[PDB]
file data-v7.cif (mmCIF, C-alpha atoms and all ligand atoms)
data_coords
loop_
_atom_site.label_atom_id
_atom_site.label_comp_id
_atom_site.auth_asym_id
_atom_site.auth_seq_id
_atom_site.Cartn_x
_atom_site.Cartn_y
_atom_site.Cartn_z
CA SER A 1 -51.57 38.91 -82.12
CA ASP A 2 -52.88 35.31 -81.96
CA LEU A 3 -56.25 36.52 -83.24
CA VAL A 4 -58.01 34.42 -85.87
CA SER A 5 -61.01 34.98 -88.13
CA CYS A 6 -63.54 32.47 -89.40
CA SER A 7 -66.28 33.17 -91.93
CA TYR A 8 -68.98 31.01 -93.53
CA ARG A 9 -72.04 30.99 -95.77
CA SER A 10 -75.16 29.06 -94.83
CA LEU A 11 -78.75 28.60 -95.89
CA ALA A 12 -81.25 29.94 -93.37
CA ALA A 13 -84.20 27.71 -92.52
CA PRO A 14 -87.03 28.54 -94.97
CA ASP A 15 -89.31 29.28 -92.01
CA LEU A 16 -86.89 31.67 -90.28
CA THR A 17 -88.49 34.61 -88.46
CA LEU A 18 -87.49 37.86 -86.78
CA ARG A 19 -87.79 36.15 -83.39
CA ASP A 20 -85.18 33.63 -84.52
CA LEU A 21 -82.73 36.25 -85.78
CA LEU A 22 -83.13 38.22 -82.58
CA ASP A 23 -82.67 35.11 -80.40
CA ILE A 24 -79.48 34.35 -82.33
CA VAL A 25 -78.26 37.90 -81.86
CA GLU A 26 -78.94 37.91 -78.12
CA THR A 27 -77.41 34.50 -77.44
CA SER A 28 -74.41 35.47 -79.52
CA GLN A 29 -73.99 38.89 -77.97
CA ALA A 30 -73.95 37.44 -74.47
CA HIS A 31 -71.64 34.55 -75.28
CA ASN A 32 -69.26 36.44 -77.62
CA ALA A 33 -69.03 39.13 -74.96
CA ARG A 34 -67.85 36.62 -72.35
CA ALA A 35 -65.60 34.61 -74.69
CA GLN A 36 -64.08 37.70 -76.34
CA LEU A 37 -65.44 37.10 -79.83
CA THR A 38 -66.54 39.76 -82.27
CA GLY A 39 -68.18 39.81 -85.66
CA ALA A 40 -71.23 40.42 -87.77
CA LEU A 41 -74.10 38.39 -89.14
CA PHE A 42 -75.55 39.23 -92.53
CA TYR A 43 -78.92 37.89 -93.64
CA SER A 44 -80.15 38.38 -97.21
CA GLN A 45 -82.70 36.31 -99.14
CA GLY A 46 -82.54 33.20 -96.97
CA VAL A 47 -78.74 33.28 -96.90
CA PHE A 48 -76.39 33.96 -93.99
CA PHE A 49 -72.91 35.41 -94.08
CA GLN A 50 -71.10 35.45 -90.75
CA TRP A 51 -67.69 36.67 -89.64
CA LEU A 52 -66.27 35.59 -86.28
CA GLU A 53 -62.96 36.58 -84.72
CA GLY A 54 -61.03 36.07 -81.48
CA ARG A 55 -58.62 33.56 -79.97
CA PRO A 56 -58.51 30.23 -81.88
CA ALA A 57 -60.14 28.20 -79.07
CA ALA A 58 -63.11 30.56 -78.67
CA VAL A 59 -63.82 30.57 -82.42
CA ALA A 60 -63.55 26.79 -82.62
CA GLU A 61 -65.95 26.19 -79.71
CA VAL A 62 -68.56 28.61 -80.97
CA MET A 63 -68.27 27.12 -84.49
CA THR A 64 -68.85 23.69 -83.00
CA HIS A 65 -72.16 24.97 -81.70
CA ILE A 66 -73.10 26.96 -84.84
CA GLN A 67 -72.38 24.10 -87.24
CA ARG A 68 -74.87 21.96 -85.33
CA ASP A 69 -77.58 24.64 -85.31
CA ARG A 70 -80.88 23.75 -86.96
CA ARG A 71 -81.93 27.24 -88.01
CA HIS A 72 -79.55 27.00 -90.93
CA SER A 73 -77.82 24.39 -93.07
CA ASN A 74 -75.19 23.91 -95.77
CA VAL A 75 -72.68 25.75 -93.62
CA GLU A 76 -69.70 26.33 -95.90
CA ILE A 77 -66.49 27.68 -94.41
CA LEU A 78 -65.21 30.51 -96.58
CA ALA A 79 -62.15 31.61 -94.64
CA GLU A 80 -60.11 30.52 -91.66
CA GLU A 81 -57.34 33.11 -91.49
CA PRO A 82 -55.12 34.72 -88.86
CA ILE A 83 -55.81 38.45 -88.55
CA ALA A 84 -53.55 41.21 -87.24
CA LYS A 85 -56.36 43.09 -85.56
CA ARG A 86 -60.12 42.68 -85.25
CA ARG A 87 -62.29 43.89 -88.12
CA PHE A 88 -65.34 44.20 -85.84
CA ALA A 89 -64.04 45.51 -82.51
CA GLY A 90 -66.87 46.50 -80.18
CA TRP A 91 -69.30 44.31 -82.14
CA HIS A 92 -69.83 41.15 -80.10
CA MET A 93 -72.32 40.07 -82.73
CA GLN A 94 -74.02 42.70 -84.86
CA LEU A 95 -77.01 41.86 -87.03
CA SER A 96 -77.40 43.20 -90.55
CA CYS A 97 -79.62 42.51 -93.54
CA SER A 98 -80.28 43.86 -97.03
CA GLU A 99 -82.65 46.76 -97.69
CA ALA A 100 -85.18 44.44 -99.32
CA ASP A 101 -85.16 42.05 -96.36
CA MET A 102 -85.52 45.06 -94.07
CA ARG A 103 -88.75 45.80 -95.93
CA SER A 104 -89.82 42.13 -95.78
CA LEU A 105 -89.35 41.89 -92.00
CA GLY A 106 -91.00 45.21 -91.14
CA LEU A 107 -87.93 47.16 -90.08
CA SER A 108 -84.82 51.26 -87.83
CA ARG A 109 -81.47 50.56 -86.14
CA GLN A 110 -79.78 48.78 -84.58
CA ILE A 111 -79.69 46.61 -87.65
CA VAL A 112 -77.18 47.73 -90.26
CA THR A 113 -78.90 48.00 -93.63
CA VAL A 114 -77.08 47.06 -96.82
CA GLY A 115 -78.42 48.55 -100.05
CA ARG A 116 -77.99 45.93 -102.77
CA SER A 117 -80.50 47.72 -105.00
CA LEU A 118 -77.94 49.23 -107.40
CA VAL A 119 -75.68 46.20 -107.91
CA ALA A 120 -77.79 43.08 -107.31
CA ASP A 121 -78.50 42.53 -111.01
CA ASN A 122 -74.98 43.37 -112.21
CA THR A 123 -73.62 40.18 -113.75
CA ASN A 124 -69.99 41.34 -113.59
CA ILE A 125 -70.04 41.01 -109.82
CA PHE A 126 -68.97 37.53 -108.69
CA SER A 127 -70.08 35.73 -105.50
CA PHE A 128 -66.85 36.30 -103.59
CA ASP A 129 -66.94 39.97 -104.66
CA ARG A 130 -70.28 40.29 -102.89
CA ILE A 131 -68.98 38.51 -99.80
CA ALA A 132 -65.84 40.66 -99.53
CA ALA A 133 -67.86 43.81 -100.22
CA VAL A 134 -70.29 43.03 -97.40
CA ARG A 135 -67.38 42.33 -95.07
CA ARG A 136 -65.55 45.61 -95.84
CA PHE A 137 -68.79 47.57 -95.70
CA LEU A 138 -69.84 46.23 -92.30
CA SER A 139 -66.38 46.53 -90.77
CA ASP A 140 -66.39 50.13 -91.92
CA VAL A 141 -69.86 50.82 -90.51
CA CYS A 142 -68.58 49.35 -87.22
CA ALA A 143 -65.61 51.73 -87.17
CA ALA A 144 -67.81 54.67 -88.18
CA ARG A 145 -70.51 54.09 -85.57
CA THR A 146 -67.82 53.54 -82.97
CA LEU A 147 -66.63 57.05 -83.88
CA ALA A 148 -70.01 58.68 -84.52
CA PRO A 149 -72.99 56.56 -83.34
CA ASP A 150 -75.67 59.14 -84.12
CA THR A 151 -74.31 59.65 -87.63
CA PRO A 152 -76.36 57.58 -90.11
CA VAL A 153 -74.88 55.62 -93.02
CA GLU A 154 -76.37 55.59 -96.53
CA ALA A 155 -77.41 52.05 -97.49
CA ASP A 156 -76.44 52.43 -101.14
CA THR A 157 -72.89 53.06 -99.96
CA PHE A 158 -72.49 49.30 -100.38
CA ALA A 159 -72.83 49.67 -104.14
CA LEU A 160 -69.41 51.26 -104.47
CA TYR A 161 -67.83 48.57 -102.29
CA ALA A 162 -69.25 45.82 -104.50
CA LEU A 163 -68.35 47.52 -107.76
CA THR A 164 -64.80 48.14 -106.54
CA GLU A 165 -64.34 44.51 -105.54
CA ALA A 166 -65.61 43.27 -108.89
CA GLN A 167 -63.43 45.70 -110.83
CA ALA A 168 -60.47 44.39 -108.88
CA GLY A 169 -61.27 40.88 -110.16
CA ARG A 170 -62.06 41.90 -113.74
CA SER A 171 -58.72 41.60 -115.59
CA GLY A 172 -57.87 38.19 -114.17
CA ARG A 173 -61.32 36.97 -115.11
CA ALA A 174 -60.81 38.28 -118.67
CA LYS A 175 -57.63 36.20 -118.87
CA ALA A 176 -59.48 33.15 -117.56
CA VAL A 177 -62.30 33.49 -120.08
CA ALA A 178 -59.84 33.98 -122.92
CA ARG A 179 -57.78 30.91 -121.98
CA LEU A 180 -60.98 28.93 -121.47
CA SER A 181 -62.43 29.92 -124.84
CA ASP A 182 -59.20 28.79 -126.45
CA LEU A 183 -59.40 25.39 -124.71
CA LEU A 184 -63.08 24.95 -125.64
CA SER A 185 -62.20 25.94 -129.22
CA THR A 186 -59.31 23.50 -129.67
CA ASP A 187 -59.76 20.23 -127.81
CA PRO A 188 -61.91 20.68 -124.67
CA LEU A 189 -62.24 16.92 -124.05
CA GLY A 190 -58.53 16.22 -124.46
CA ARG A 191 -57.77 18.91 -121.90
CA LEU A 192 -60.77 18.53 -119.60
CA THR A 193 -58.57 18.58 -116.49
CA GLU A 194 -57.25 22.02 -117.43
CA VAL A 195 -60.78 23.27 -118.15
CA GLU A 196 -61.80 22.00 -114.73
CA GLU A 197 -58.88 23.57 -112.86
CA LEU A 198 -59.63 26.91 -114.51
CA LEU A 199 -63.36 26.71 -113.74
CA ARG A 200 -62.59 25.61 -110.20
CA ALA A 201 -60.25 28.58 -109.65
CA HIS A 202 -62.46 31.29 -111.15
CA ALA A 203 -65.96 29.98 -110.48
CA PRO A 204 -66.37 29.09 -106.79
CA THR A 205 -70.17 29.01 -107.09
CA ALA A 206 -72.61 27.80 -109.72
CA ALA A 207 -73.64 31.36 -110.57
CA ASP A 208 -69.95 32.12 -111.20
CA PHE A 209 -69.82 29.12 -113.52
CA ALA A 210 -72.82 30.58 -115.33
CA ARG A 211 -71.09 33.97 -115.67
CA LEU A 212 -68.01 32.37 -117.22
CA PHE A 213 -70.19 30.27 -119.49
CA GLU A 214 -72.12 33.32 -120.73
CA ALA A 215 -68.85 35.10 -121.56
CA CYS A 216 -67.40 32.05 -123.33
CA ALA A 217 -70.72 31.49 -125.05
CA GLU A 218 -70.77 34.82 -126.80
CA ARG A 219 -67.09 34.37 -127.66
CA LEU A 220 -67.74 30.95 -129.29
CA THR A 221 -70.95 32.12 -130.94
CA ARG A 222 -68.83 34.82 -132.56
CA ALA A 223 -66.19 32.25 -133.53
CA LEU A 224 -68.77 29.94 -135.09
CA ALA A 225 -70.37 32.86 -136.90
CA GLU A 226 -67.01 33.85 -138.40
CA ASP A 227 -66.55 30.17 -139.38
CA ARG A 228 -63.49 29.98 -137.10
CA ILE A 229 -64.76 26.77 -135.49
CA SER A 230 -67.28 24.09 -136.48
CA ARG A 231 -70.64 23.12 -134.98
CA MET A 232 -69.05 19.81 -133.94
CA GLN A 233 -66.52 21.84 -132.00
CA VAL A 234 -69.30 23.62 -130.11
CA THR A 235 -70.84 20.25 -129.27
CA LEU A 236 -67.50 18.99 -127.96
CA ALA A 237 -67.07 22.12 -125.84
CA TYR A 238 -70.61 21.71 -124.55
CA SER A 239 -69.94 18.12 -123.48
CA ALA A 240 -66.70 19.11 -121.77
CA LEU A 241 -68.49 21.85 -119.85
CA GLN A 242 -71.26 19.50 -118.71
CA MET A 243 -68.68 17.06 -117.39
CA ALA A 244 -66.65 19.80 -115.67
CA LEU A 245 -69.81 21.21 -114.12
CA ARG A 246 -70.94 17.89 -112.68
CA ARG A 247 -67.49 17.19 -111.29
CA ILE A 248 -67.32 20.57 -109.59
CA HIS A 249 -70.89 21.48 -108.55
CA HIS A 250 -73.54 18.91 -107.58
CA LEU A 251 -75.72 20.09 -104.71
CA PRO A 252 -78.22 17.68 -103.20
CA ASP A 253 -81.89 18.71 -103.14
CA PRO A 254 -82.47 20.85 -100.02
CA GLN A 255 -84.49 18.95 -97.41
CA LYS A 256 -85.83 22.18 -95.91
CA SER A 257 -86.74 24.14 -99.03
CA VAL A 258 -88.05 27.66 -99.63
CA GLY A 259 -90.19 26.29 -102.44
CA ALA A 260 -90.32 23.95 -105.43
CA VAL A 261 -89.52 24.71 -109.05
CA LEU A 262 -89.49 22.84 -112.36
CA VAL A 263 -86.65 23.52 -114.81
CA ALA A 264 -87.45 22.50 -118.38
CA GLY A 265 -85.93 22.69 -121.82
CA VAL A 266 -87.89 23.39 -124.98
CA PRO A 267 -88.44 20.05 -126.78
CA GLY A 268 -85.65 19.57 -129.30
CA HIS A 269 -83.49 22.20 -127.67
CA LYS A 270 -81.11 20.43 -125.34
CA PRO A 271 -80.27 23.02 -122.72
CA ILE A 272 -78.59 20.28 -120.70
CA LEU A 273 -75.85 22.53 -119.36
CA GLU A 274 -78.06 25.55 -118.83
CA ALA A 275 -80.76 23.52 -117.09
CA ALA A 276 -78.17 21.86 -114.86
CA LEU A 277 -76.77 25.32 -113.99
CA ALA A 278 -80.27 26.63 -113.34
CA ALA A 279 -80.88 23.78 -110.94
CA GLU A 280 -77.56 24.28 -109.12
CA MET A 281 -78.10 28.03 -108.69
CA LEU A 282 -81.68 27.57 -107.50
CA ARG A 283 -80.67 24.78 -105.09
CA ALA A 284 -77.86 26.93 -103.71
CA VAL A 285 -80.44 29.44 -102.47
CA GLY A 286 -82.82 26.83 -101.07
CA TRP A 287 -85.15 25.83 -103.89
CA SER A 288 -86.22 22.27 -104.44
CA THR A 289 -85.57 21.84 -108.16
CA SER A 290 -86.43 19.19 -110.73
CA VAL A 291 -84.96 19.11 -114.21
CA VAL A 292 -87.18 17.91 -117.03
CA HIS A 293 -86.46 17.44 -120.69
CA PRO A 294 -89.92 16.91 -122.20
CA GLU A 295 -90.34 15.97 -125.85
CA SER A 296 -93.88 17.29 -126.13
CA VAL A 297 -95.98 20.10 -124.66
CA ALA A 298 -98.47 17.52 -123.38
CA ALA A 299 -95.78 15.69 -121.38
CA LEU A 300 -94.88 18.86 -119.50
CA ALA A 301 -98.57 19.66 -119.07
CA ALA A 302 -98.99 16.28 -117.36
CA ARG A 303 -95.91 16.70 -115.16
CA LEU A 304 -97.19 20.14 -114.12
CA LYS A 305 -100.75 19.17 -113.22
CA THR A 306 -99.25 16.20 -111.36
CA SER A 307 -96.56 18.17 -109.53
CA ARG A 308 -98.80 21.19 -108.94
CA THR A 309 -95.48 23.04 -108.93
CA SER A 310 -96.74 26.48 -109.90
CA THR A 311 -93.35 27.69 -111.09
CA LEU A 312 -91.64 26.78 -114.36
CA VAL A 313 -88.22 27.96 -115.55
CA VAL A 314 -87.64 27.52 -119.28
CA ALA A 315 -83.88 27.08 -119.52
CA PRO A 316 -82.42 28.68 -122.65
CA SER A 317 -79.95 27.04 -124.99
CA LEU A 318 -77.19 29.63 -125.36
CA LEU A 319 -75.42 27.78 -128.19
CA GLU A 320 -78.39 26.78 -130.34
CA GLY A 321 -79.89 30.18 -131.05
CA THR A 322 -80.76 29.91 -134.72
CA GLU A 323 -84.42 29.45 -133.76
CA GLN A 324 -84.66 29.49 -129.96
CA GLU A 325 -86.94 32.55 -129.87
CA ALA A 326 -90.02 31.62 -131.93
CA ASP A 327 -89.72 28.06 -130.64
CA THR A 328 -89.92 29.22 -127.02
CA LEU A 329 -92.81 31.52 -127.91
CA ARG A 330 -94.79 28.70 -129.52
CA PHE A 331 -93.92 26.35 -126.67
CA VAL A 332 -94.99 28.67 -123.86
CA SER A 333 -98.12 29.80 -125.68
CA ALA A 334 -99.09 26.20 -126.43
CA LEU A 335 -98.42 25.24 -122.82
CA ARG A 336 -100.71 28.05 -121.62
CA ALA A 337 -103.43 26.82 -124.01
CA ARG A 338 -103.32 23.16 -122.90
CA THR A 339 -103.16 24.36 -119.31
CA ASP A 340 -105.87 25.29 -116.85
CA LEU A 341 -103.74 26.63 -113.97
CA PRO A 342 -104.25 30.26 -112.77
CA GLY A 343 -101.36 29.95 -110.31
CA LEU A 344 -98.75 28.91 -112.87
CA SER A 345 -95.68 31.11 -113.34
CA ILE A 346 -93.30 30.89 -116.30
CA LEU A 347 -89.83 32.43 -116.60
CA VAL A 348 -87.82 32.59 -119.81
CA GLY A 349 -84.19 33.23 -120.67
CA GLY A 350 -82.11 33.82 -123.78
CA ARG A 351 -82.88 36.31 -126.54
CA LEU A 352 -86.53 36.16 -125.57
CA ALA A 353 -85.60 37.85 -122.30
CA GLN A 354 -83.94 40.69 -124.20
CA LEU A 355 -87.30 42.01 -125.42
CA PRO A 356 -89.05 44.80 -123.49
CA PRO A 357 -91.47 43.43 -120.81
CA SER A 358 -94.41 44.62 -122.94
CA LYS A 359 -93.48 41.80 -125.30
CA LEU A 360 -93.24 39.64 -122.17
CA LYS A 361 -96.86 40.39 -121.32
CA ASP A 362 -97.70 39.62 -124.94
CA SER A 363 -95.73 36.37 -124.65
CA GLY A 364 -97.54 34.48 -121.92
CA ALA A 365 -94.26 34.13 -120.08
CA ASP A 366 -94.50 36.00 -116.79
CA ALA A 367 -90.93 37.33 -116.51
CA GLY A 368 -87.47 37.08 -118.06
CA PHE A 369 -83.79 36.69 -117.20
CA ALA A 370 -81.43 38.04 -119.87
CA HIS A 371 -78.50 36.31 -118.20
CA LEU A 372 -78.27 32.98 -116.36
CA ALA A 373 -76.85 34.47 -113.16
CA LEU A 374 -79.94 36.69 -112.93
CA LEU A 375 -82.19 33.65 -112.58
CA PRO A 376 -82.31 33.45 -108.76
CA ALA A 377 -83.28 37.13 -108.53
CA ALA A 378 -85.91 36.84 -111.27
CA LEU A 379 -87.48 33.90 -109.46
CA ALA A 380 -87.67 35.57 -106.05
CA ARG A 381 -89.68 38.45 -107.56
CA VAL A 382 -92.45 36.10 -108.69
CA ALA A 383 -92.52 34.31 -105.31
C1 LIG B 401 -76.64 31.92 -88.16
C2 LIG B 401 -76.29 31.65 -86.73
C3 LIG B 401 -75.24 32.35 -86.14
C4 LIG B 401 -74.91 32.12 -84.80
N1 LIG B 401 -73.86 32.80 -84.23
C5 LIG B 401 -73.51 32.57 -82.92
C6 LIG B 401 -72.47 33.30 -82.33
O1 LIG B 401 -71.83 34.13 -82.98
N2 LIG B 401 -72.20 33.14 -80.99
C7 LIG B 401 -72.95 32.27 -80.23
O2 LIG B 401 -72.62 32.05 -79.07
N3 LIG B 401 -73.98 31.55 -80.81
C8 LIG B 401 -74.26 31.68 -82.15
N4 LIG B 401 -75.29 30.96 -82.73
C9 LIG B 401 -76.17 30.06 -81.91
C10 LIG B 401 -75.52 28.73 -81.51
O3 LIG B 401 -75.46 27.82 -82.59
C11 LIG B 401 -76.31 28.08 -80.38
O4 LIG B 401 -77.63 28.58 -80.39
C12 LIG B 401 -75.67 28.37 -79.03
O5 LIG B 401 -74.31 28.66 -79.22
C13 LIG B 401 -75.82 27.18 -78.10
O6 LIG B 401 -76.76 27.49 -77.10
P1 LIG B 401 -76.32 27.65 -75.55
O7 LIG B 401 -76.58 29.07 -75.10
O8 LIG B 401 -77.16 26.70 -74.73
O9 LIG B 401 -74.86 27.31 -75.39
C14 LIG B 401 -75.64 31.20 -84.05
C15 LIG B 401 -76.68 30.49 -84.65
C16 LIG B 401 -77.01 30.72 -85.98
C17 LIG B 401 -78.12 29.95 -86.63
CL CL B 402 -64.02 36.82 -95.48
CL CL B 403 -81.38 45.67 -101.17
CL CL B 404 -74.77 42.38 -104.20
CL CL B 405 -72.66 33.26 -102.35
CL CL B 406 -63.91 34.61 -107.29
CL CL B 407 -62.52 44.17 -94.47
CL CL B 408 -55.94 32.19 -116.82
CL CL B 409 -61.62 17.36 -127.89
CL CL B 410 -55.49 19.00 -119.25
CL CL B 411 -102.72 26.45 -110.18
#
call {"tool": "encode", "arguments": {"input": "data-v7.cif", "output": "structure tokens"}}
result
Amino acid sequence: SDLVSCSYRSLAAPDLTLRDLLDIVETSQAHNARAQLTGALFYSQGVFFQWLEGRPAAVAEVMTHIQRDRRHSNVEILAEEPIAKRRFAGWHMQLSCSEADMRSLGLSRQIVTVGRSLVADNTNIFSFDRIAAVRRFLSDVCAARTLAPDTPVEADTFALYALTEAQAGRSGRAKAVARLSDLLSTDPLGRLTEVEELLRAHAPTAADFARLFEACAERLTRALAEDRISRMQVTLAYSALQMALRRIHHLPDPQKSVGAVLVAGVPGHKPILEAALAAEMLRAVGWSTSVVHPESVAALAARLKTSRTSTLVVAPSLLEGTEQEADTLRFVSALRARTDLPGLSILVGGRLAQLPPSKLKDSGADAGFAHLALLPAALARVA
């Protein structure tokens, strides 16, 4: 064989256009054709996935150029593996984007459309599940269209690919969450290294961390309810998780950003972990994010009229939920009263996000996210 594959994830320049994508595709088609490289490029919501395959030398050279490109950043290698045969034969470099992005760019082949519609807001689907699903889907479309070019492929076909990948990961993740919950319930600070190794193995991205934390959080909420652990124990666990999070994920603020967003806790609530997670997730998709823990409504009012950052995410506290709801209501309402800003957008999480959007209209919050990992998606809708 002696064929190798390399795949990465990167953050497209916030000002990326169709002309750019097309230039990339043409340059790549020409060069990959000469150098005997094949693969696919997937663009969705400011993010790139690329797969490249060929002889080692060819892949290395082209990656040397790509890594230095200025139309994307935060290039993260995902795989460098030997393959037995090409997954994208005949595709020197094929472009593909999501259905939503297809709408947003005004496109309708030859660009392979991927329908994320049915699975995008499914919190059981982890980041690597989505990556693998896109890979398998595109490789399959490549085979298919090699066999029958004029035979169209249903976009929402991708849904099944994603769901299947996630289901494959499900049991192992259940084990991880169980083991984790045990650690957090016993002595999470005495065994922080084990907590970290677990989190590092099962949560490659910040959104994955958030998924695990949501699962653990309902587990421990149950435990505390049944008086199986103490409040002090939940505090310990919370500290441990903050430390583990900072050790593992700590993205710098994107220099080229898609926009700016303020992440705040409700005064008295200390959504330290959840706000940190919110910031990591939003930074990972290209948002400039600031975390604020105000102790008054007026403070945040000041920071907002000073920042002119028209978007505010109220991070929920998923472990102090005795009175998170009415507190958040009062806080957001008050904020709206002290404010004179028609462009301001407010997003809310937690139990408040579980109410029907009629209540959301009634609330003064603009939109909700019933789960942390849904935050990026909820934000994009408002922007
Ligand atoms: C997301 C992305 C993917 C790219 N993929 C390839 C590729 O597969 N093959 C290629 O030759 N260039 C690719 N490029 C472009 C190169 O980084 C660079 O434009 C080119 O290789 C150097 O220009 P040159 O024609 O003067 O050598 C890609 C760029 C971006 C931003
Ligand atoms: Cl891969
Ligand atoms: Cl979509
Ligand atoms: Cl998806
Ligand atoms: Cl990802
Ligand atoms: Cl994973
Ligand atoms: Cl595959
Ligand atoms: Cl485990
Ligand atoms: Cl401890
Ligand atoms: Cl340990
Ligand atoms: Cl405004």
call {"tool": "residues_near_point", "arguments": {"input": "data-v7.cif", "point": "(-83.9, 26.7, -88.9)", "cutoff": "8 Å", "atoms": "only C-alpha atoms", "output": "PDB file with C-alpha atoms, in the coordinates of the input"}}
result
ATOM      1  CA  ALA A  12     -81.250  29.940 -93.370  1.00  0.00           C
ATOM      2  CA  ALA A  13     -84.200  27.710 -92.520  1.00  0.00           C
ATOM      3  CA  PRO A  14     -87.030  28.540 -94.970  1.00  0.00           C
ATOM      4  CA  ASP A  15     -89.310  29.280 -92.010  1.00  0.00           C
ATOM      5  CA  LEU A  16     -86.890  31.670 -90.280  1.00  0.00           C
ATOM      6  CA  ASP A  69     -77.580  24.640 -85.310  1.00  0.00           C
ATOM      7  CA  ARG A  70     -80.880  23.750 -86.960  1.00  0.00           C
ATOM      8  CA  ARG A  71     -81.930  27.240 -88.010  1.00  0.00           C
ATOM      9  CA  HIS A  72     -79.550  27.000 -90.930  1.00  0.00           C
ATOM     10  CA  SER A  73     -77.820  24.390 -93.070  1.00  0.00           C
TER      11      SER A  73
END
call {"tool": "closest_residue", "arguments": {"input": "data-v7.cif", "among": "A:175, A:118, A:44, A:303", "to": "residue A:134", "atoms": "all atoms listed in the file"}}
result
A:44
call {"tool": "residues_near_ligand", "arguments": {"input": "data-v7.cif", "ligand": "ligand CL 409 (chain B)", "cutoff": "10 Å", "atoms": "all atoms listed in the file", "output": "VMD selection string"}}
result
chain A and resid 183 to 192 232 to 233 235 to 237 239 to 240
call {"tool": "closest_atom_pairs", "arguments": {"input": "data-v7.cif", "of": "chain A", "to": "ligand CL 403 (chain B)", "cutoff": "7 Å", "atoms": "all atoms listed in the file", "output": "Markdown table"}}
result
| residue | atom | partner | partner_atom | distance |
| --- | --- | --- | --- | --- |
| A:98 | CA | B:CL403 | CL | 4.7 |
| A:99 | CA | B:CL403 | CL | 3.9 |
| A:100 | CA | B:CL403 | CL | 4.4 |
| A:114 | CA | B:CL403 | CL | 6.3 |
| A:115 | CA | B:CL403 | CL | 4.3 |
| A:116 | CA | B:CL403 | CL | 3.8 |
| A:117 | CA | B:CL403 | CL | 4.4 |
call {"tool": "write_last_selection", "arguments": {"input": "data-v7.cif", "atoms": "C-alpha atoms", "output": "short mmCIF file (atom, residue, chain, number, x, y, z; two decimals), in the frame of the given file"}}
result
data_model
loop_
_atom_site.label_atom_id
_atom_site.label_comp_id
_atom_site.auth_asym_id
_atom_site.auth_seq_id
_atom_site.Cartn_x
_atom_site.Cartn_y
_atom_site.Cartn_z
CA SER A 98 -80.28 43.86 -97.03
CA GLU A 99 -82.65 46.76 -97.69
CA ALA A 100 -85.18 44.44 -99.32
CA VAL A 114 -77.08 47.06 -96.82
CA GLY A 115 -78.42 48.55 -100.05
CA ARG A 116 -77.99 45.93 -102.77
CA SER A 117 -80.50 47.72 -105.00
#
call {"tool": "closest_atom_pairs", "arguments": {"input": "data-v7.cif", "of": "chain A", "to": "ligand LIG 401 (chain B)", "cutoff": "6 Å", "atoms": "all atoms listed in the file", "output": "tab-separated table"}}
result
residue	atom	partner	partner_atom	distance
A:24	CA	B:LIG401	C14	5.3
A:27	CA	B:LIG401	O2	5.6
A:28	CA	B:LIG401	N2	3.5
A:31	CA	B:LIG401	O2	4.6
A:32	CA	B:LIG401	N2	5.6
A:62	CA	B:LIG401	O2	5.7
A:65	CA	B:LIG401	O3	4.5
A:66	CA	B:LIG401	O3	3.4
A:69	CA	B:LIG401	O3	4.7
A:71	CA	B:LIG401	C17	4.9
A:72	CA	B:LIG401	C17	5.4
A:93	CA	B:LIG401	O1	6.0
call {"tool": "atom_distance", "arguments": {"input": "data-v7.cif", "atom1": "atom CA of residue A:383", "atom2": "atom CA of residue A:103"}}
result
15.3 Å
call {"tool": "residues_near_ligand", "arguments": {"input": "data-v7.cif", "ligand": "ligand CL 411 (chain B)", "cutoff": "7 Å", "atoms": "only C-alpha atoms and all ligand atoms", "output": "list in words"}}
result
residues 308, 310, 341, 342, 343 and 344 of chain A
call {"tool": "write_last_selection", "arguments": {"input": "data-v7.cif", "atoms": "C-alpha atoms", "output": "tab-separated table (two decimals), keeping the file's coordinate frame"}}
result
chain	number	residue	atom	x	y	z
A	308	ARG	CA	-98.80	21.19	-108.94
A	310	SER	CA	-96.74	26.48	-109.90
A	341	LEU	CA	-103.74	26.63	-113.97
A	342	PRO	CA	-104.25	30.26	-112.77
A	343	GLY	CA	-101.36	29.95	-110.31
A	344	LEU	CA	-98.75	28.91	-112.87
call {"tool": "closest_atom_pairs", "arguments": {"input": "data-v7.cif", "of": "chain A", "to": "ligand CL 405 (chain B)", "cutoff": "10 Å", "atoms": "only C-alpha atoms and all ligand atoms", "output": "CSV"}}
result
residue,atom,partner,partner_atom,distance
A:8,CA,B:CL405,CL,9.8
A:9,CA,B:CL405,CL,7.0
A:10,CA,B:CL405,CL,9.0
A:47,CA,B:CL405,CL,8.2
A:48,CA,B:CL405,CL,9.2
A:49,CA,B:CL405,CL,8.5
A:76,CA,B:CL405,CL,9.9
A:78,CA,B:CL405,CL,9.8
A:126,CA,B:CL405,CL,8.5
A:127,CA,B:CL405,CL,4.8
A:128,CA,B:CL405,CL,6.7
A:129,CA,B:CL405,CL,9.1
A:130,CA,B:CL405,CL,7.4
A:131,CA,B:CL405,CL,6.9
A:204,CA,B:CL405,CL,8.8
A:205,CA,B:CL405,CL,6.8
A:206,CA,B:CL405,CL,9.2
A:207,CA,B:CL405,CL,8.5
A:208,CA,B:CL405,CL,9.3
A:281,CA,B:CL405,CL,9.9
A:284,CA,B:CL405,CL,8.3
A:285,CA,B:CL405,CL,8.7
call {"tool": "atom_distance", "arguments": {"input": "data-v7.cif", "atom1": "atom CA of residue A:3", "atom2": "atom CA of residue A:148"}}
result
26.1 Å
call {"tool": "residues_around", "arguments": {"input": "data-v7.cif", "residues": "residue A:26", "least_positions_apart": "3", "cutoff": "10 Å", "atoms": "only C-alpha atoms", "output": "list in words"}}
result
residues 20, 21, 22, 23, 29, 30, 31, 32, 92, 93, 94 and 95 of chain A
